[PDB]
Structure formats: structure tokens, C-alpha cells
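**Q** Here's a structure for you.
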Amino acid sequence: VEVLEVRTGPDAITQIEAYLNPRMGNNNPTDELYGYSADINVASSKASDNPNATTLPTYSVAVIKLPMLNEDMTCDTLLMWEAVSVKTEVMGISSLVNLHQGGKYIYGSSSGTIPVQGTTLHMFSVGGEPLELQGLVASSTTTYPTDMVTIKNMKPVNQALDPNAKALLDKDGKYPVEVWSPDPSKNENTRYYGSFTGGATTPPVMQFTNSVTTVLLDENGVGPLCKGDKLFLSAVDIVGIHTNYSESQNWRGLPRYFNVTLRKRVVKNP
Amino acid sequence: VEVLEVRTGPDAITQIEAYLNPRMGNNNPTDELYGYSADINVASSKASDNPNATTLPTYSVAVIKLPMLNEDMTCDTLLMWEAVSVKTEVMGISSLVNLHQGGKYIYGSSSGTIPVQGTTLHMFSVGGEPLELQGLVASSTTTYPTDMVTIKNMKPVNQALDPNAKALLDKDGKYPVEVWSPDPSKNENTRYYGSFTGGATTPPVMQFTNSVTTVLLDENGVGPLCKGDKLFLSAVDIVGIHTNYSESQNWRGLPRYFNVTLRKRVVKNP
Amino acid sequence: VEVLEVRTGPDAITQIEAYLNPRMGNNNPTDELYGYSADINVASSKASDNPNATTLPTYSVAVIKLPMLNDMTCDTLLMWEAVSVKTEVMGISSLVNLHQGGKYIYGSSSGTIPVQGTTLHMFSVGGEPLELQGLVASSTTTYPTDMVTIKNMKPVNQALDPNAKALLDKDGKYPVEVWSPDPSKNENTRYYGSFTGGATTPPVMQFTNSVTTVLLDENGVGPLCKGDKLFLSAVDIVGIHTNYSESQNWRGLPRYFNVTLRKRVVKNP
Amino acid sequence: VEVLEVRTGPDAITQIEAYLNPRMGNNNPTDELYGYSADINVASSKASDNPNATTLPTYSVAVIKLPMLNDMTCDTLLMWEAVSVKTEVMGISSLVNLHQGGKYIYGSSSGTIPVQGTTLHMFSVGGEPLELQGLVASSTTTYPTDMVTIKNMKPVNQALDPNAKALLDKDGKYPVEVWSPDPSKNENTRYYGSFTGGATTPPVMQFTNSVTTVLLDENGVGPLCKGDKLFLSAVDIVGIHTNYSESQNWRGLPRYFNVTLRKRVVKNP
Amino acid sequence: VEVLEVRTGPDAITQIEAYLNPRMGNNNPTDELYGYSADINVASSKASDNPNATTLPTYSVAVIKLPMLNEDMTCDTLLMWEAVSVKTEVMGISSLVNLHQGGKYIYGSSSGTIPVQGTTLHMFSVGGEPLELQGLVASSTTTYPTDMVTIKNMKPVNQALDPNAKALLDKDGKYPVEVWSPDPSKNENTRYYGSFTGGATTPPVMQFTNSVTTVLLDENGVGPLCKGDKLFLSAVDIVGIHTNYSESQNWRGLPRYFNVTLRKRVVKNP
Ligand SMILES: CC(=O)N[C@H]1[C@H]([C@H](O)[C@H](O)CO)O[C@@](O[C@H]2[C@@H](O)[C@@H](CO)O[C@@H](O[C@H]3[C@H](O)[C@@H](O)[C@H](O)O[C@@H]3CO)[C@@H]2O)(C(=O)O)C[C@@H]1O
Ligand SMILES: CC(=O)N[C@H]1[C@H]([C@H](O)[C@H](O)CO)O[C@@](O[C@H]2[C@@H](O)[C@@H](CO)O[C@@H](O[C@H]3[C@H](O)[C@@H](O)[C@H](O)O[C@@H]3CO)[C@@H]2O)(C(=O)O)C[C@@H]1O
Ligand SMILES: CC(=O)N[C@H]1[C@H]([C@H](O)[C@H](O)CO)O[C@@](O[C@H]2[C@@H](O)[C@@H](CO)O[C@@H](O[C@H]3[C@H](O)[C@@H](O)[C@H](O)O[C@@H]3CO)[C@@H]2O)(C(=O)O)C[C@@H]1O
Ligand SMILES: CC(=O)N[C@H]1[C@H]([C@H](O)[C@H](O)CO)O[C@@](O[C@H]2[C@@H](O)[C@@H](CO)O[C@@H](O[C@H]3[C@H](O)[C@@H](O)[C@H](O)O[C@@H]3CO)[C@@H]2O)(C(=O)O)C[C@@H]1O
Ligand SMILES: [Ca+2]
Ligand SMILES: [Ca+2]
Ligand SMILES: [Ca+2]
Ligand SMILES: [Ca+2]
Ligand SMILES: [Ca+2]
């Protein structure tokens, strides 16, 4: 679609806000361990790697419906909502500042417990359509739960780049992060931003503020354009691993807030 | 409230300073371990987790009364104090540079003792009303002391985002950091800045200088506006954990200094 | 070659995109451990050090053929000039995995240690092969003969031997522990590398589609593609995987490139 | 004083330079362990904590007498204004030493553990003594009477007691664990500090002669030297050296200052 | 000498390149462990600390002879070469990415070996005369090899700043880093840049690129001026410690490349 100028005048700007709850494996709000995975079940061998669905963190996604812009669809030009900037925040960070939760002792049984630590993964995206994904796994011989969306008919090539392994992030809590990542060869109409630090016991590091805005405009001054007046918000915020007294382990996630400013953009009627 | 222009002229600027003492759990200045929590008392299980009030760090808050500005409340326009910038500093940082305090030896009994280390959490906020808070916990089955302000009738939803778990930071030493964090969906009239590094034994890192100012104006050039001529200052500065000889542990906190510059802002009378 | 002005007008600009699969040692897509090295075989001594080819990560290289620009007698020619690149290490979140068969973090009730330790990231974009300098940990290492390594090593190759030079002209052949970008050459290539060592170091990576690197030099000139060929080179070693028996495999990830090129006028030589 | 404009013309600018040696506890240059604290002596309990004077790092301070500027009648006077400073921790590379007596890294065939753990770096440049705020880890600690510490301590002193104030007016007398710069004062000093804690943390330091710190405030005014005196203050604890017996000493390094000053006109008070 | 303006015109700019090989202790290219120190030999006691020359890393220095500028030395003004900017690079960084070198196992005898790690020291300097040095040691009772250049007649004062402990970096592989550092009270005619990270097992961190230039001009816009048409390049690049199977240890250094751009500067004839 040919993109023209920004539409000026009163009522040309709008703003939405939303939060996405984490989807660490216990994904129902009545689950005792909502916001965590179940105890990790580890592969027995290369050939026998059957991770339980509840142990696998997935991506969060929400579709926000925006006000309808075009009365009749037959004028030479149309309007689309253009995402211009976002304020985003990982919520409840200070919940990890807690040394009394049941778990593994830091020293002996007189000490506090080890807080959430280890691998972290933070991703947010804002687009005018679903986030486009690339499949890649640690091991093609893992058998994934069938009620999740994973790579069909995996082979060892899927341990690196197979250009046939593509998907859309179109379902909340279904696409495992260990299988899918943002596809940089597409996503022309989405801006995504991601951060990873690995390790078993790494100290998690996070900032929180209401003073920072990310501008979503591309090199040409154009932000994501919302097809069918729909805005797509995606996230994952794995903040580390909680270790229990018995040494079993649960992934821990946190929710993410989005505040997106949008404006009206003229496009040519296709 | 329709915000208008900055009032210029002599005496249009004022400046306040304040310090907030840490509320680590021992919050009475006659407490032997004032500036620390009591020995952390750890849950025996998921179901049984009763942290003592003295073991839970809370937010500091102070209200600064500013000179009154409006004689007539008849006038078509009124003046409010607008917070423009802040210098803020964590005080007594070098008190941590101490290897003789009674505790746990670094190596054997000929060595110095382990200094304060582990999880850190730093936050300051400057606003024209109480900081708005969102509740989220590590465990919804925790029983919090009834004399603290925490989430009423928790369910497992409270381990992630429950949109009903909201509060105002309107009491000093009452809101546990492990339960509450700044709400990014509100706080239009407060600037907050936060930094977290987790981990069991992580070395703390801190800077101190009198050369750095934070500017508090939003993207329209408007800082926090002080309702009823009150300026709200909030903080928490957990600098880590002290470990005792028996391996019991206390949170350690430090005081925070604020120097705030304010100016007169014209607003439309409501 | 004398470099003249940029050629303006419609069709003055083109873009390409490619990805390079990692070459960690298992370099065939049907290899069970594709994207990993084989179990590291360690030297029993300084004198006795014969690493298997499957255990030695090598540089990835791709040559992209660009639209033919030039008749070859005009007094000025056109060359494709690489102006900027968006590049991305793909599959980063694949490391966010605690269930893979391996070594337990704590006892046997816990998750397994994820990929961690030494990392090496390099990308380059050039108008000819990346020029290489040879330097090794040990000059007494015997390398696999079917790889390209330093000929007739002496202890001088543990430091700078001005004679140990090569071109990155084959994919999966030049070991990273032998070869590195030659800063005394490479006038026509831009390279960018970072290294963090250690055995257990947590890996750190970012991913976004918002970042572009400008390739122009201090005279405003990017790499100029000789014979309309664009050279893309990479290595992305994201750490070490540890197996249950404590054997270890290097782990690598693929890299994406999106390069923008413009027509540059040059004086005919 | 009412501060007026900068005085221009020939000879309006000056430079001084100085070094301050560290005061870690062994503060006499003939001390066998000069530049180190004596072996750390640890408290037996909350009630009993009697650190020896020689175990407690203190701030360094020097007063530089500047050229006499003024007669005192004139409606306006000149003061030296500290404009900028180049400052350097000297002898950083002295830490790059694994043969020194100490605790083995692995077994007795290995090198010894180098200086590591808690570090504290501070420098200040002002026109009067640095103003200090008292705060300690323990109010029941008994400090050496020959040092300057907080009078009549109570548990409030484990946090902010607004009465606990002092001036850094003596070299090697004010313990860093008792005093820090007071941000509620120090209008006429600029101070800069960084702290990293932990018991075994690797120290990190840079050294260059290319970096200057500008000392002007948001009104373009630097510290003004009362009575033509310039105050330089510092502490540079670079970590802890551990002996074979596992007893431990703080290690400090000297700091160099090069300050540029100019003449500032002020109203006679 | 009085420094005047930059000389303009054709042929006013020259460019040199050079490499400096590391001087870790095994400093002869035929040495089996060239580019490493010999096994560290640890002090028996404070009184008995005799490090072997081969165990002590020294600075690298090279003198580059530049084209002769002044035809008649009686003219009232003269030209000097002025170092304007440098591109510099540590070479062979990726040689460290090697887990099969003989050494100490990361885990048991089935694993890779521990790569080079621990204390790093990086310095480069570009000057128009020898880099000026200040003496400072960890221990004044250390007995250094007489074949090296160290502090004469050490006393305890040399554990801190002795103003009489000065030297010039005027010989390659002779001035140990543990005794000498750049003197900030001098070096008006040299620019030096240094970086240190200690510890015994710290991961080394290095970058490499050909896209970065350091500008050498001072605040008056004057770079180092090459006395007698000599350009002084100095370096040390200790990238860590290699541990052998028997647990003995060797410093590891890497060579450094320089590409310095120079221009002609007018000076008044003294
Ligand atoms: C992430 C998180 O919140 N982890 C909890 C865990 C988990 O709920 C559990 O591991 C499932 O993943 O529970 C922790 O406490 C449990 C632990 O102390 C075990 C003993 O190791 O006992 C459990 O209670 C038992 C009780 O002991 C028995 O008398 C009874 O038969 O059953 C109870 C419930 O099964 C504790 O809940 C843990 O450390 O694993 C606390 C963590 O914070
Ligand atoms: C990078 C990676 O994927 N590593 C795998 C490894 C490698 O595939 C393997 O080390 C070759 O380099 O395999 C891991 O699982 C193996 C391990 O559990 C060993 C026990 O030490 O047994 C292997 O299965 C055997 C099995 O024991 C026999 O019954 C069978 O007949 O032969 C099988 C094949 O050898 C496991 O596959 C590993 O931890 O080493 C899992 C890693 O994820
Ligand atoms: C933050 C802080 O200052 N921690 C102290 C602690 C705390 O005061 C205490 O743990 C309460 O939270 O005390 C430390 O010293 C005590 C320790 O040596 C214990 C031995 O386990 O003894 C205590 O003194 C006892 C004494 O031993 C008895 O004879 C007497 O009957 O009672 C005394 C007081 O209970 C020490 O105070 C500690 O290591 O726990 C020192 C820390 O710095
Ligand atoms: C920096 C470096 O490359 N270190 C080497 C070292 C050094 O060359 C050496 O330690 C002197 O600094 O050698 C390493 O391999 C040796 C090691 O396995 C030892 C056993 O601890 O044996 C040496 O070979 C011996 C062999 O074992 C004997 O049977 C024979 O009689 O003598 C041989 C030579 O002494 C190995 O060379 C090491 O681990 O120390 C490998 C390091 O990479
Ligand atoms: Ca594409
Ligand atoms: Ca809102
Ligand atoms: Ca060259
Ligand atoms: Ca004040
Ligand atoms: Ca001097």
C-alpha cells in the first residue's frame, strides 16, 4: 500500500493502554502457580526429550481494536492508524525483592532463601499485524506437546536456520520462546525490541520509570500501520528461575504494560 | 485542570530539601538495628508463609508543604507549584566499606567479615500527589502482617496483574516493596525512577556526586503540579543483605536526600 | 582505483538480504548436532594437540552477486557501494531452555545448565574477501589438513607473524582460533567484533529491527563491490553446552544481513 | 558573597598540580605496610566491636595555597575559581602481580589471588573543607579516640542523624566507614564518587591523560577558594589483599590532581 | 618550543602503521611459550620475593622514524610531525576461543579446558618522545631481576607515591607493568589510554573493529609533536592468565596494531 502524508487537524491523535499477563506455563489465573512454569522436567537423553506443556514459557499477545476510520471505503485515499511511540514497563519488579519465600537457603537453614535468578528474556513489540516468527531450537529431537504451536516435522536443520520454519504470533500462550523468535527478514510493519542474558544463577537486572518513550517511526518517518484498525502488542518477560527447597525449579515471569500513541496516516486506496 | 504558562518574575522559583530515612523493618530510631530489617523468617512451605512485619522493607514517603500561592480562589486563573528538577543522593554509601562488623568470615576466622551484598533496589519519585501503586506478589498464599498495607483477599491472580490491586503510597513505612510497585497506567502527575539488581550475593554498585540533576518535565515541558501545595517525595534504597555469624540475615537500607527546584505554573480555575 | 561522486537518479539504490548458518564443526544440515561442534577433544599435552575438524568453529562467508552495472570501456565505471546494514543474530531465545539433556544446575531435581561461557560475535560487509591474520594459542597444535590454517608454524605464530596472512574465501574452513580480521589491511571491508571469555560466563545478546549500522568511512565511502560481488562474513559463538558426562559442544547461531547499496562512480583503471 | 563576572586578560588563569597518598591505616611512609591497612580485626559481637585505628581507611586531604589575589578595601575582590580538573589514580598496574605473597588461586603451584573485593573511589575539589555526614553500620562500635568519629552515638546513627556532621579538615583522621560527603551542603565543593561492594569483586579502573572534568555548576561558577586556599580530597580503596594465613589488608592507591583556575570577581562582603 | 599554526597544502599529511608484539616474559620469537610468561614463581615470604625475569610482563615500545622535515635548521620557523589520530587494535583476540588447549579441565576429564581469564591490562600511547613513568609496587621488599629496569633502592614509600621514582619507557621488554605506570604529572607530549580489570578468574572482554578512530589533539587542538622526527608507540595487552594441568600459570599477551595519521605543524625555531 502506498503511504502518503500524516493527516493533521483536531482529533488526529489517539492513545491506548494495555497490559499482558505472563504466560510461563501455568497460564490460568486460578492456577496455584500462575505467573510461573511447573517444575522443569529434564530430558533423559538426546533422543528422549519430552518437556511438559506447563514447563514451557510462551509469548504473550493481545490485539487491540481501534476506532474505525473510513466511513465508505471508496474514496481515493484512506486513513490508517499509525503507531508513533510507546511507553512500556515491566510491572511488579520489586516482588522479587523477597528473601522469605519457601525455597533453597542462601547459606544454612538460619539464612534467607535464594531469590529469582538465572536466565532472563525481555521482548516487546508493537505492530499493525501479527509478529512474524522464525523457528529455531536447541535440539530437533525434542518432542514438543502437541497442544502448542511448534515446528512441524523437525529435522536437525531446525537447530539453525530453516527458511521453511516460519509462523505468525497469533495466539496468546501458545508459541514457546525456546522455539520461536522475531523474524528479522520480515516484520516491516512491526517494531520489536529484545534483550537476553543467560546463565544458571545470573543476577537479574531491570529498570522501571515513567520517564522513557520509545519512538516507533522507521527511517522514513513511518510507524507501524494498523491493518483493519487492529494494533498488535506482544511480549515476554522471563525474569529468571525460582529454586524450591528440593531443588526443583520454576520459570518466573512478570506482566508488561503498554501505552501507545497513534496518529492518522493517509494512504492510497488499493 | 487546564495547564497554562509559566509565571515569570522575581520570586517565581523556590527550592526545598529533605531526607528520607530507610524503612527496612526496624523503623523506630530507638531500635537497636534501626536501618535494618530483623532476621529474615523464611516460609516452611507454600501454604505457610508468615513474614514478620520487622522483616519486610517498605517505601519511605514524606510530604513537603510549600508556600501558599492563591489568596483569592475566585480568580479566573490559579498558580500551582511545578517541580522542575531534582538532585538526589543515597547517603552514607561508604558506611558499607567495613570488614570488621560482627558477622560471617569471608574465609576462615583470621579474615574480615562479608560486607553487605545481594539484592538491591533503588527508587525515588517526585510528585504533586501520592505515588500510585500496583500490587503483585511472589506468592498469593503468604499471610502478611495485618498492620501493614497489603492486598486484601489475595488469590493466585495476584502473582501477576490483577487490575483491582491498586493503592496510594500515602503512609511512610507501611507498604512492602515485595507487594507494591509504581503503577505505570497512572502516575501522570509524578515522575518515578527505579533500578533493581537481584541475586543472593551480588556486589552492590552505587555512585555519589553533587554534579547531577534530573529534569522532571514531561514531553510538554510540564513537571509535577503540587495539589493543595503539597510535594510528595517517595523512596526506597535497599543496598543488600547483612549476614550474621549464625547465618541469619538482615536487609540493609540507606537514607536518601532530595533537593527539588520548583517554579510557579499558571492553571485555569476549575 | 580513483573514487568519484555518488550516482544519483531513479534506480540508484538496491537492497539485499541473506542469512549465514553457523559453522561450529557439525556443518552439514543432516548432522545430528548441526549448529554445534563435536565433543571437544582436549590436548593431552602441549606437544600432543590434534583437534578434530568437527570440534573447531570456523567463519561463515557468503558471496552475493549484484546486478551487473557496466560495456567496459567508458571512461568511468559504476560500482555498488554498501552504505548501511541491518544485522541480527537469529534464534537467541532458543537458549532460554532448562530441560535439554545435560548437566544439572544443582542436583538431579533441578533444570540443566544452559549454554554459557566464551562468546564471539563478528560481522563484516565488504567488496572483496575479508583479509585475515593468523595467530594461535599454541604453535605445536596439529590442525586438520582439510581446513585452512597456518603453514609450517613456529613459536612466532603465538604472536604476530607478518607472513601468516589469508583471505576469508571459503565457508566453514577457516578456524576462528587461528584467524582474525587483519587491521593492517581490509581497506574495502567493514568488520565489527566482540569477545567475552571465561568457561561459565552468562551470554548477553540484544535483538531488534530498529538498529542500522552505517558502513561509510571517514571520507563518506562504503565498501565497493569488485566484480559486482558483495562479501558477507560472520561468526556467532553463543557459548558452550555441557553434556551429562561433562563433554562439551560449542553452540552457534545464524546471522541475518540486510544491506543497502548505492551506485558509486569510479575512474576506469 | 555576590558572585560577579569572570576576570579576563593576561595572567587571569593558573594551574596547580598535587598528589595525595592513600591513608589506609599504615599512614607513615616508613611503615612496612605503607599504603595498606593493618590486618583487619573483627568484632566478636554486636556489643563488642573495637577496630584498631590502623585497620580503618581514612580520607586524604590537601590544602593548596594559591597566589595572593587582593589589600582588602575595594568594592570588589578577586577569588580563584576552580574551572576544571584532570585526575588519575596512580600505580594501577602495581595490582597486575601474581607472585606477591598470599592465598593461592588454586593449589600451591598456582599464582596468588590479587587485590579484590570492595572498592571506593572519591575525589573532590573545593574552595573550603568538604562537608561530611556521619553514618555507620553499627552505633555500638567503639572507634579509636584519636580518630574523628560521631560523638555520643545512638542507633539513629545507623541512618541519618542531622546532627552528625563534620568538616574534612585533617588528613588521615576521618574514617570512610563513618563519614561521606554531605549533599545538603557542599555548595562550594564538587565531589565525585563510586562504590562497588562484595568480598571478592574484581576491581575495575581506567587511566588516561585525555579526560577532563569541568567543575562549573549550572550557573557556570566553579568552587571559589576562600582565603586563596584550594581543598583537594580523595580516597581510593582498590580492594583487599589476602595473606596466606587468610588475614586481610585494605589496599589503597595515590591520586593525582591537576586543577585549572581562573580569576572571578565577587562583591566584597 | 613555541607552537604555531598547522602547515597546509599538498603532501602535508602522512600515515604510518606498525605492530608491537607482546613482552610477557618469553620475549624471544624462538621461545616455545613466546607471547606468554614462564610459570609464575610465587614469593616464599615478604622478605623472600624473587620473581623470575621471564615471569614479569613488560611494556612494548617502538620508535618510528618519520620523514625529515627541515632542510635548513637556521630558518626562523621549523616543521614538526604532529600525531592527529590513531586507529589501534588488539590482534588475534579470537585465538582465545579455544577449549582444547592443554590445561585444567572446566569440570572433569571429559570437558574442555579453562580458557585464558583473570586480570587484564590494556594500554596504548602515542607520543613525540618516550612515555614518562612513575614507580609504584605492591611490595617494596621484592627483589627484581637486575637485568630489568626497576626502582633503585626501594623503601616502603614505594608502595605509594615516591616523587623520586621516575623513569622513561625507552627500552622494549624491560620495564615491568607491576613496577611502572604512566606518569600523569608529565606526558604533556604523549597521549596514553589504559584499562584494568583485576581478579583471578574474571572473563576477559575485548572488541575489534576497523571503524573506530581516536583523536589525539589536546584541548588546544595540538597533538603530540615528534621530537627529532621520532614517533613513540607504547603498549601492553595482558589478556589474562592461562592455567596448566599442574595448576601452574602463565600470563598471556596479544600484539597491538597502530595506524597513526600525522600532519606538519609550524613551530618557532629555538
Ligand atoms: C514457585 C513456588 O511458589 N514454589 C513453591 C513450591 C511449589 O509449590 C512446589 O515445589 C510445586 O512446584 O513449594 C515450596 O514449599 C513446599 C516444600 O517445602 C515441600 C517439601 O520440600 O513441601 C510442601 O508442602 C507439602 C507439605 O510439606 C506436606 O506436609 C504435604 O503432604 O504436602 C504439602 C504440599 O505438597 C511445600 O509447599 C518448595 O520449596 O518447593 C515453596 C515454594 O515457594
Ligand atoms: C549438544 C547436544 O545436543 N548434546 C546432547 C548430547 C550429545 O548428543 C552427545 O553427548 C554426543 O556429543 O547427548 C546427551 O544425551 C546423551 C547422554 O544422556 C548419554 C549418557 O551420558 O547417553 C546418550 O544416549 C545413549 C544411551 O545411553 C544408550 O542407551 C543408547 O544406546 O545410545 C545413546 C546415544 O549415545 C544420550 O543421548 C548428553 O547429555 O550427552 C544430551 C545432550 O543434549
Ligand atoms: C545487623 C547487625 O548489626 N547484626 C549483628 C547481629 C544482630 O544484632 C543479631 O543477630 C540480631 O539480629 O549480632 C551479631 O553478633 C551477635 C552474635 O555474635 C551472637 C552469637 O551467635 O551473639 C550475640 O551476642 C550475645 C552473646 O553471645 C551472649 O553471650 C549474650 O547472652 O547475648 C548477646 C546478645 O544476644 C552477638 O550480638 C551477629 O553476628 O549475629 C553481630 C551482627 O553485626
Ligand atoms: C601456556 C601453555 O601453553 N601451557 C602449556 C603447558 C606448558 O608448556 C608447561 O606447563 C610449562 O609452562 O604444558 C601443558 O601440557 C603439559 C602437562 O599436561 C604436563 C602434565 O602436567 O605434561 C607435559 O608433557 C610432559 C609429559 O607429561 C611427560 O610425560 C614428558 O616426560 O614431559 C612432557 C613435557 O614436560 C605437557 O606439555 C600443561 O597443562 O601444563 C599444556 C599447556 O597448554
Ligand atoms: Ca524480507
Ligand atoms: Ca491510564
Ligand atoms: Ca596497510
Ligand atoms: Ca542546604
Ligand atoms: Ca607537571
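Following the order of the C-alpha cells, first chain is A, next is B, and so on, with residues numbered from 1 inside each chain and ligands from 1 in the order they appear.
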Return as a list in words every polymer residue, whether protein, DNA or RNA, with at least one atom no more than 9 Å from an atom of ligand 9; count only C-alpha atoms and all ligand atoms.
**A**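 Checked against 9 Å with only C-alpha atoms and all ligand atoms; the hits are residues 16, 17 and 258 of chain D; 184, 185, 186, 187 and 188 of chain E.
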**Q** Write the residues of the selection above to a file with N, CA and C atoms, as a compact mmCIF listing (two decimals), in the first residue's frame.
**A**
```txt
# COMPACT_ATOMS: atom_id res chain seq x y z
N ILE D 16 47.53 24.37 39.13
CA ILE D 16 48.31 23.67 40.15
C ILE D 16 48.22 22.17 39.92
N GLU D 17 49.22 21.45 40.43
CA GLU D 17 49.13 20.01 40.49
C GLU D 17 49.61 19.47 41.84
N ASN D 258 45.32 17.81 38.79
CA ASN D 258 45.79 18.96 38.05
C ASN D 258 44.58 19.84 37.82
N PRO E 184 51.04 10.84 35.29
CA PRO E 184 50.08 11.87 34.85
C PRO E 184 50.56 13.30 35.12
N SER E 185 51.59 13.46 35.96
CA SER E 185 52.18 14.78 36.22
C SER E 185 53.11 15.23 35.10
N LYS E 186 53.40 14.33 34.16
CA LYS E 186 54.19 14.69 33.00
C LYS E 186 53.40 14.30 31.76
N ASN E 187 54.08 13.79 30.74
CA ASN E 187 53.46 13.36 29.47
C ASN E 187 52.62 14.44 28.77
N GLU E 188 53.11 15.67 28.78
CA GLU E 188 52.47 16.75 28.01
C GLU E 188 52.51 16.46 26.52
```
**Q** Identify, on the basis of only C-alpha atoms, every residue whose closest approach to residue 108 (chain B) does not exceed 12 Å; exclude the query and any residue fewer than 2 positions from it along the same chain; express the result as a ChimeraX atom specification.
**A** /B:103-106,110-114 /D:42,242-248
**Q** Output the neighbourhood of ligand 1 as a PyMOL selection string, that is, all protein and nucleic acid residues with some atom at most 10 Å from the ligand, counting only C-alpha atoms and all ligand atoms.
**A** (chain A and resi 32-40+100-105+113+116+241-252) or (chain B and resi 43-49+138-142+159)
**Q** Would you pick out the contacts of residue 226 (chain A) at 12 Å or less, using only C-alpha atoms, so that residues sharing its chain but fewer than 4 positions from it are not included, and give the list as a ChimeraX atom specification?
**A** /A:63-69,79-84,126-130,189-190,222,230-233,262-265,267
**Q** Please compute the CA of residue 55 (chain C)-CA of residue 92 (chain E) distance, one decimal, in Å.
**A**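 Pair CA of residue 55 (chain C) / CA of residue 92 (chain E) returns 19.4 Å.
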**Q** May I ask you to extract the residues of chain C within 7 Å of chain E, using only C-alpha atoms, and to give them as a ChimeraX atom specification?
**A** /C:40-46,51,118,135-137,155-156,158-160,176-178,180,183,190-199,201,245-248
**Q** Could you jot down the CA of residue 51 (chain E) to atom 28 (C, counted along the ligand's line) of ligand 4 separation for me, Å, one decimal place?
**A** 25.7 Å
**Q** So that I can see what lies close to region 77-84 of chain D, please list as a PyMOL selection string the residues with an atom at most 6 Å from it, counting only C-alpha atoms and leaving out residues fewer than 6 positions away in the same chain.
**A** chain D and resi 213-215+222-225+259-266+268
**Q** Using the selection just defined, write its residues with N, CA, C and O atoms as a CSV table (one decimal), in the first residue's frame.
**A**
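Resulting contents of result_29.csv:
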```
chain,number,residue,atom,x,y,z
D,213,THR,N,37.4,16.8,33.8
D,213,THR,CA,36.1,17.0,34.5
D,213,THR,C,36.0,18.5,34.7
D,213,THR,O,36.8,19.2,35.3
D,214,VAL,N,34.9,19.1,34.1
D,214,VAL,CA,34.6,20.5,34.3
D,214,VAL,C,33.8,20.7,35.6
D,214,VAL,O,32.9,20.0,35.9
D,215,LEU,N,34.3,21.7,36.4
D,215,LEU,CA,33.8,21.8,37.7
D,215,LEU,C,32.7,22.9,37.9
D,215,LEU,O,32.3,23.2,39.0
D,222,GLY,N,32.5,27.8,39.2
D,222,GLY,CA,33.2,26.7,39.9
D,222,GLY,C,33.4,27.0,41.3
D,222,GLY,O,33.0,28.1,41.8
D,223,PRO,N,34.0,26.1,42.1
D,223,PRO,CA,34.3,26.4,43.5
D,223,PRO,C,35.2,27.6,43.7
D,223,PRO,O,36.1,27.8,42.9
D,224,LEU,N,34.9,28.4,44.7
D,224,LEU,CA,35.7,29.7,44.9
D,224,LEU,C,36.5,29.6,46.2
D,224,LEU,O,36.0,29.3,47.3
D,225,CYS,N,37.8,29.8,46.0
D,225,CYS,CA,38.8,29.5,47.0
D,225,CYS,C,38.9,30.5,48.2
D,225,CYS,O,39.6,31.5,48.0
D,259,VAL,N,44.6,21.0,38.5
D,259,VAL,CA,43.4,21.8,38.5
D,259,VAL,C,43.8,23.1,37.8
D,259,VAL,O,44.8,23.7,38.0
D,260,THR,N,42.9,23.6,37.0
D,260,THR,CA,43.0,24.9,36.3
D,260,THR,C,42.1,25.8,37.0
D,260,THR,O,40.9,25.5,37.2
D,261,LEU,N,42.6,27.0,37.3
D,261,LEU,CA,41.8,28.0,38.0
D,261,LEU,C,41.8,29.3,37.2
D,261,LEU,O,42.7,29.6,36.5
D,262,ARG,N,40.8,30.2,37.4
D,262,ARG,CA,40.7,31.5,36.8
D,262,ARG,C,40.3,32.5,37.9
D,262,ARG,O,39.8,32.1,38.9
D,263,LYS,N,40.5,33.8,37.6
D,263,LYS,CA,40.1,34.8,38.5
D,263,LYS,C,38.6,35.2,38.3
D,263,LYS,O,38.1,35.5,37.2
D,264,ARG,N,37.9,35.2,39.5
D,264,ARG,CA,36.5,35.5,39.5
D,264,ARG,C,36.2,36.7,40.4
D,264,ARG,O,36.7,36.8,41.5
D,265,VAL,N,35.5,37.7,39.8
D,265,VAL,CA,35.2,38.9,40.6
D,265,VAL,C,34.0,38.6,41.5
D,265,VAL,O,33.0,38.0,41.0
D,266,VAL,N,34.0,39.1,42.7
D,266,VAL,CA,32.9,39.0,43.7
D,266,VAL,C,32.7,40.3,44.4
D,266,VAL,O,33.7,41.1,44.4
D,268,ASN,N,32.7,42.4,47.6
D,268,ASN,CA,33.3,42.5,49.0
D,268,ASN,C,32.2,42.4,50.1
D,268,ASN,O,31.4,43.2,50.1
```
**Q** Which is closest to chain B among A:55, A:181, A:119, A:74, if we use only C-alpha atoms?
**A**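 Result for the nearest residue to chain B: A:119.
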**Q** If we count only C-alpha atoms, what is near residue 114 (chain C) at a cut-off of 8 Å, once residues fewer than 6 positions away on the same chain are taken out, given as a list in words?
**A**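 What passes the distance filter is residues 198, 199 and 200 of chain A; 95, 96, 97, 98, 241 and 242 of chain C.
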**Q** How would you write, as an NGL selection string, the set of residues in region 47-260 of chain D that DSSP gives as helix (DSSP H, G or I)?
**A** :D and (53-55 or 92-95 or 155-158 or 226-228)
**Q** What does the distance between CA of residue 139 (chain C) and atom 4 (N, counted along the ligand's line) of ligand 4 come to in Å, to one decimal place?
**A**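 According to the coordinates, CA of residue 139 (chain C) and atom 4 (N, counted along the ligand's line) of ligand 4 are separated by 11.2 Å.
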**Q** Tell me, as a PyMOL selection string, which residues lie within 10 Å of residue 171 (chain D), counting only C-alpha atoms; anything in the same chain fewer than 2 positions away does not count.
**A** chain D and resi 20-23+27+58-63+168-169+173-174+233-234
**Q** Could you give me, as a PyMOL selection string, each residue of region 2-213 of chain C that DSSP assigns to strand (DSSP E or B) when run on this structure's backbone?
**A** chain C and resi 3-6+13-20+23+36+58+60-65+76-89+104+112+116+119-126+131-134+165-167+175+179-181+189-196+204-208+213
